[PDB]
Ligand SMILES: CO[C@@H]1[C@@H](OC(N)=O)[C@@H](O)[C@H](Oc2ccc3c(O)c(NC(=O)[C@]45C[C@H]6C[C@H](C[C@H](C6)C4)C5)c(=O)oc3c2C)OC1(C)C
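Quick heads-up: it's one chain on its own, the form deposited without the named molecule, in structure tokens.
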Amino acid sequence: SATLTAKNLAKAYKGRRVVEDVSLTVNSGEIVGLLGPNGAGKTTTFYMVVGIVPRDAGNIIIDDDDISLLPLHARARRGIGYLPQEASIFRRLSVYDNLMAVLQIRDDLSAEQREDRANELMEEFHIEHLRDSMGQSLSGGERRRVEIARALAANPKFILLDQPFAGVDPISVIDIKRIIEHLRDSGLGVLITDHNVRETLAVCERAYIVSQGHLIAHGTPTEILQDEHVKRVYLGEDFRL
């Protein structure tokens, strides 16, 4: 029953406070959403949890252990993983090599197990037919599947998915949701942000809504979708699920 908690995170860039105050929690076995308008601070919040950027204030805690001082690699070894929003594939490496590149980092895997895991990931994500294709040759949706698989290959306890559905077709969204639910069933805590509101809320048990660097709402999917404030500020007053 691990718990990942962020308290009162803040970030400024060149005097502009882009994250004012964001707190959130994700438990093992739980899928949690972070949603909101563009420029609201979602990726910056993920960056601060993962350790990609230093926070200007706030705390990152796993269980009753403040890890705010741990560098990126140490937080990764404590169980935090991140799927970047931006392209993260190795352009010149094949799909197989891209997955092996991450599996090589796994102290908890033998050489034989790494090869097995690579082949399993390719089947689960339906990219076996692209085994030898270079990353730069993949379409956007194909690349995204590889990038999600790479993030899972790290075997995180808490996985932060930054826009896993971007550029993905509807059937592949269903496949990825099913994979996400299997991670949840397996004990992972999942923190997901995406602008496909319907499909993200369908897979979330609860979600935080941020706007202009601050939280404006938190609740179950239906509580969010019927929140008239969220409709006005984020979903649009005429939003239909």
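All residue numbers refer to positions in the sequence shown, first residue = 1.
Just so you know, the form solved in complex with the named molecule exists too; it's not on screen, but the next bit is about it.
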**Item:** Close approach of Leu109 to the named molecule in the entry with it bound, 4.5 Å, heavy atom
**Value:** no
**Request:** Answer for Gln113 alone: is it within 4.5 Å of the named molecule in the entry with it bound, judged on heavy atom distances?
**Result:** no
**Request:** For the three residues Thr220, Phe239 and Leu241, verify that every one has a non-hydrogen atom within 4.5 Å of the named molecule in the entry with it bound; reply yes or no.
**Result:** no
